[PDB]
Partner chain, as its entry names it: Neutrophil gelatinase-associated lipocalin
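Just the one chain here, the form deposited without its partner chain, laid out as structure tokens.
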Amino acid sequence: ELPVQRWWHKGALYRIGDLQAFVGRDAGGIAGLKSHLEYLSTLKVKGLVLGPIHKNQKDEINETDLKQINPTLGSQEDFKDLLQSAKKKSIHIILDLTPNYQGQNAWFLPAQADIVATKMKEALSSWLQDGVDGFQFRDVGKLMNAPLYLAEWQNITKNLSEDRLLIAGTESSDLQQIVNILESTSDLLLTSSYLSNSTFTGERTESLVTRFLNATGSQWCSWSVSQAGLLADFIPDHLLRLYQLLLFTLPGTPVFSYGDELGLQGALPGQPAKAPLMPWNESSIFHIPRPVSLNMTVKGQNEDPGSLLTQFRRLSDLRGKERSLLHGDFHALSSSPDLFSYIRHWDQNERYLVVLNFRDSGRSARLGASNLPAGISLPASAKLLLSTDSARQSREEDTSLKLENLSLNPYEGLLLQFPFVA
């Protein structure tokens, strides 16, 4: 019996930690973000996770004001105007209130926790009256009594409306710490390093995903590779296309950071640790932290049928409109050792079969469905909607493949579709 579907069930979240770096040098952070809403609408993302953007004098709790925007970025009025323009595109806005975000310990000192908590309660009220759709809180492993504070902040948020969302982020990849936070709260999303603490094999990927769902009784969750960092900084280069397919087709809300749709990478370890500039085009002004070529830029990837940006737009469109991906069940198939394969299914809608080859060579799928719920078995063939191999994509798209003899090319991911049979 299906719960009411809230705005975050309908597709991806998109994090913008450093508004000025996202926007560039031509405008101030809040106004400038407003001019990119049309680009963000083309990605079909359902929400933006912003900031933090508040006043925070490093490690000085009494020169930190969670209710005031940093004036370099804009005014309260600019913010309110941003929220209204986003709402005309059906894009919701989450605010990151991590308090000491400019210092080393982002939650101030342990001794200071009750002062933080008093400040935070006042801030949640003020921001919820200004029209935000919810809140994000990062590095929650550095927050004392995190489960208790998160529960309390959740209750204040939900008290106004169940359409308000809370997101927590951790540096941890440890399943037992992750489960402990989730048990303390209800319908909280928790982002983490869980999916990027990996050997990046077929078997390890299967094992990570199935153990997490089993440990949480398959409740609604987020899927991410970090609480903040870029996908191309956490995941091997050969797997960027494959991991995009995975995050879009697992059951739950996928969460990305700005630039993930391009394969952007962040600062190198000799450079200052600063968020990278979003490379709108190949102009010099965008060349921090690395020089960028046309093919690493929004302008370049926008007309390329082979680009990561083109695959993001395609998958995001399908995620927002097909019921089996909106809120379908998940079943893991058995497959050869280098593969992970699974299906998504709702009622009598089109089913989806995902097959992912984690090896640099041709592999037989050997798909098995030995244990499968009444109502669903595998067909003999299925239609190919998408391959990560853009060569095959230009000449086999919308064609049909026999499942029993399915073969994958090196590092290939497949999205296949099959119908309900009466």
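If you superpose the two forms and keep the largest set of C-alpha atoms that fall within 1.5 Å, you have the rigid core. Positions refer to the first chain, counted from 1.
Note that the form deposited with its partner chain bound isn't included here; everything after this is about it.
> Even though the partner isn't displayed, in the bound PDB entry is residue 288 close enough to its partner chain, meaning a heavy atom within 4.5 Å?
Judged by the heavy-atom cut-off of 4.5 Å, residue 288 is in contact with its partner chain in the bound PDB entry.
> May I ask you to state whether residue 306 is within 4.5 Å of its partner chain in the bound PDB entry, using heavy atom distances?
Yes, residue 306 sits close enough to its partner chain in the bound PDB entry that at least one of its heavy atoms falls within 4.5 Å.
> Look up in the bound PDB entry whether residue 265 has a non-hydrogen atom within 4.5 angstroms of its partner chain, and give yes or no.
Yes, contact at 4.5 Å.
> May I ask you to state whether residue 292 is within 4.5 Å of its partner chain in the bound PDB entry, using heavy atom distances?
Yes - in the bound PDB entry, heavy atoms of residue 292 and its partner chain come within 4.5 Å of each other.
> Give me the residue from 283, 125, 90, 85 that has a heavy atom within 4.5 Å of its partner chain in the bound PDB entry.
Filtering the options by heavy-atom distance leaves 283.
> By the heavy atom within 4.5 Å rule, which residue out of 144, 296, 221, 175 makes contact with its partner chain in the bound PDB entry?
Answer to the contact question: 296.
> Picking from 31-39, 62-70, 361-369, 390-398, which part of the chain touches its partner chain in the bound PDB entry when contact means heavy atoms within 4.5 Å?
Comparing against its partner chain in the bound PDB entry, the contact stretch is 390-398.
> Upon rigid core superposition, which of the listed residues (176, 199, 104, 284) is displaced by 2 angstroms or more at its Cα between this form and the one not shown?
Only 284 moves by 2 Å or more at its C-alpha.
> I want to verify one pair: residue 306 and residue 292. Are their C-alpha atoms nearer or more distant in the bound PDB entry compared with the form I supplied, knowing the change is 3 Å or more?
Relative to the shown form, the pair is closer.
> Your call: residue 25 and residue 289 CA atoms, closer or farther in the bound PDB entry versus the shown structure, by 3 Å or more?
Between the C-alphas of residue 289 and residue 25, the gap widens in the bound PDB entry (3 Å or more compared with this form).
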